Every structure is written in structure tokens, then in C-alpha cells.
């Protein structure tokens, strides 16, 4: 990918790819990272919701294509874990409600097109500090220390514990039927 700032090592076991929202966050991330083992892929805003889109639209989307090319595993039936270019795919959206939305969109894509990547424990969620509108507001050393430095960071490893329940969760939250999503909000919304 053109936007991919790859790491030096070619040994997947030790390499990590950080997915960020754009170049505002990408610049801080690029300067603060350990370029030997940490690659950065800045992504262009709200990610296509693959649960609502058909294949032609998905495969022609630039951000989706970047992620597929960078991970090197192929997709769906042709997914090959052995070809993964990184053993940690780290979601590092900005610390705002919209970053949470982008995270659900990315997880939707991984779950529907690269499920074994999740099953293998290769998908992580970074935890940048709150109180910053975006990573571009953070200095490179603060980003490194709080979020990317393995000596201090707290990465969340994404776990798939029940596939039937996950299938229903993705369909309900991200699918085309508004009513079930409205019902979920109504049943779970705590206005306090």
C-alpha cells in the first residue's frame, strides 16, 4: 500500500501493524513507533460497513484493499493464516465515540472476511488515553509511551468465544435491518 509505513523486520512473528484513522494520527504514530517491528497503516475515515455492502463494492474500496494487501493473508475462502505479514493487527482508532464506531466497522470486516485472523489471537485493540480528540493531538513520545511501547502499553487481545452469538451480534448491530438495531438500543440504553 502507498499509505503503508512498513517496519524493517520481515519476520511476521515479531511485527505489528497499527491501523489508525488517517494521516493526522499517522504522523504522530510514525514518529513515535519502533520502525523495526511496527508498521502503520493510516485509514481514510469511516470504514465501509461490509455487513451492508455487496462484494463488488467491498473489493473496490481503497481502504479495504490496503488492509488486504498489507496483511497478505488473502480473504474469505482463500484466507491463508500462514501468509500473515504481522502477528499483531492493532486497531488504534481515536479516543472518541466515532473511533469506537470505526472499531466496530473494522471488527465487522475482520470477522466476515478474515475470521481465522481473530481465532488465532492476531487482532488487538490499542488503548490510547482519553482526553485527546485524536492521536494527532498527542505528541509522538506520549503516543509511544502510553499506547505503543510494549513495556508499558495495555493491548486488548480480541477473543471469539461463541461464533453463533457473534454471527447474530454482527447481523443485528451492523446489518441492514433497522428495527433490530433500534430494539437493541432501546433494551440497552441507560440514559444516565
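Residue numbers count along the first chain shown, from 1. We call the rigid core whatever largest set of C-alpha positions still superposes within 1.5 Å between the two forms.
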| in 8 other deposited structures of this protein, rigid core aligned: more displaced of 114 to 122 and 92 to 100 by C-alpha RMS | 92 to 100
| message | If the other structures are each fit on the rigid core, which stretch ends up farther away in C-alpha terms in 8 other deposited structures of this protein, 42 to 50 or 60 to 68? | response | 42 to 50
| Between the two ranges 46 to 54 and 153 to 161, the one averaging a larger CA B factor in the entry | 153 to 161
| remark: Averaging the C-alpha temperature factors as deposited, the higher value of 5 to 13 versus 171 to 179 falls on 5 to 13
| Member of 100, 106, 75, 92 with the greatest C-alpha B factor (per the PDB record) | 75
| said: When the deposited Cα B-factors of this chain's modelled residues are ordered and cut into thirds, is residue 139 in the lowest, the middle or the highest one? | reply: lowest
